[PDB]
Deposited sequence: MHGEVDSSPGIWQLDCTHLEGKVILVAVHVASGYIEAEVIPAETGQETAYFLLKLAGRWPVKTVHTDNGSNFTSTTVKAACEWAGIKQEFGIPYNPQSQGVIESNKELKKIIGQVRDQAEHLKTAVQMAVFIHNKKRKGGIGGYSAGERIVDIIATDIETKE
């Protein structure tokens, strides 16, 4: 459970946002890429796996199953690719910040920041960022 992530794509202003969700915490990492490709996905996974425990990645379609680069990233980093499994919450915050940022990728990272640091209902308990640290700190 500390190593379980969901991976999805979302789209805004004709760009692609790669989104990884730490399922138990709701903690997010996101990346704006020029184009959906195996290589970009592989790179994102390798960066995420260098930063957090990533044991298993769930995706909801076949696209990641067709990349030899994703396959090599999986084997390099020890990530199990499993089939079968926030995007709209993220687009809401991106909409709140879009006009403080010249570039979409800036607004996406401002949205990721707010998502990971905020408390639920704006008061009490832990943010997603505190929750992932607390889940991992308990080995």
query	finding
Missing CA stretches, deposited numbering from 1, N-terminus first	1-7, 93-103, 158-162
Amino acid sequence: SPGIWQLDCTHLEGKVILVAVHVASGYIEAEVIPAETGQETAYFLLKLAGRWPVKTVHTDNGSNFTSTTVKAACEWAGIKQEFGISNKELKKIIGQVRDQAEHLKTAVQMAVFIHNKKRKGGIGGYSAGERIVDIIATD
From here on, numbers count along this sequence of modelled residues.
query: Higher-B stretch (mean Cα B-factor, as the entry records it), 50-58 or 97-105; finding: 97-105
query: Residue stretch of maximal mean CA temperature factor, 87-95 vs 38-46; finding: 87-95
query: Highest recorded Cα temperature factor - choice among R131, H115, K120, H22; finding: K120
query: For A77, the third of its chain into which the C-alpha B factor falls; finding: lowest
query: Chain-wide C-alpha B factor ranking for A30, given as lowest, middle or highest third; finding: middle
